[PDB]
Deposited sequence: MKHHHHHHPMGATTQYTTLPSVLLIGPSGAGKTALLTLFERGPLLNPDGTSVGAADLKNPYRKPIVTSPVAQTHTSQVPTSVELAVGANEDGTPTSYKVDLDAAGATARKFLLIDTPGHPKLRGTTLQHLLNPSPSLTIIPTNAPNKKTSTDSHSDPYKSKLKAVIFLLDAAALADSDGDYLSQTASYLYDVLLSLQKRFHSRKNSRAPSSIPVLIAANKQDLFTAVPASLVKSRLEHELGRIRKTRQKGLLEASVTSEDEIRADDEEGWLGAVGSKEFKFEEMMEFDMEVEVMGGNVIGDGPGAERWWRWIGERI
């Protein structure tokens, strides 16, 4: 067994490869020898963003006690970073918002189903989720507080449309979706801005948030 794992999840173009590169400077090929993994005491596990390949990642999130197979060999999953392009989110057609929120919906619903799976009465270990709103260096980037409200409204729209036509994300009696409501399933979900390149807040706040929780 190695250091614990953090799954890095998100649509293509979000900056996952770039983030992993910054961090360093089925089964997963991971450089254990990387200075970033030794100094922070966790492994950052890049996953594919292509829609056809998301099922594999979601399967880890359903498991009451997920361990990742790591090829430099079992690592405990302790957190998720969901990375998105905060600039692409600002597009007028709303396409990126919709497709990104759809993925996030599945990620959170998977962790919710995990919480609810009780082959024995005991609650599973917590897996917090950092929604990392990347590319804040760009002038067109949506700020984290707006990323939060836009995502919440879209996740709300999805659950309402699906119920009209478990599939329901969040609390049964919730009338307006909020990430905070996921604490009913001991799921801490927070939206935080940052950037991997360019001038801005950088990535350290993301690393701190994860570090305090694993």
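K.L.:
What are the missing stretches of the deposited sequence, listed from start to end?
P.N.:
Several regions go unmodelled: 1-16, 42-94, 142-157, 251-267.
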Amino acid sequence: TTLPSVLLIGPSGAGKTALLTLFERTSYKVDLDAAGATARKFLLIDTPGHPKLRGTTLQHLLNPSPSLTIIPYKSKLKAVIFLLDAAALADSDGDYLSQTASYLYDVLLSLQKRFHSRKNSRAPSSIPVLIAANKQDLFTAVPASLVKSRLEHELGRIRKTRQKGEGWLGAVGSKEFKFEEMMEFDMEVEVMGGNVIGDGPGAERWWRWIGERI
From here on, numbers count along this sequence of modelled residues.
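K.L.:
Comparing 178-186 with 50-58, where is the mean C-alpha B-factor higher?
P.N.:
Going by the record's values, the stretch with the higher mean is 50-58.
K.L.:
Can you tell me whether 143-151 has a higher mean C-alpha B factor than 30-38 in this record, or the other way round?
P.N.:
It is 30-38 that shows the higher mean C-alpha B-factor.
K.L.:
Between 112, 134, 121, 102, which one tops the list for C-alpha B-factor in the PDB entry?
P.N.:
Among 112, 134, 121, 102, the PDB entry lists the largest C-alpha B-factor for 121.
K.L.:
In the PDB entry, which of 92, 117, 126, 98 has its C-alpha at the highest B-factor?
P.N.:
Going by the entry's C-alpha B-factors, 92 comes out highest.
K.L.:
Among the chain's modelled residues, which third holds the C-alpha B-factor of residue 83?
P.N.:
Lowest third, going by the recorded CA B-factors of the chain.
K.L.:
Tell me, lowest, middle or highest third: where does the Cα B factor of residue 16 rank within its chain?
P.N.:
It falls in the bottom third of the chain.
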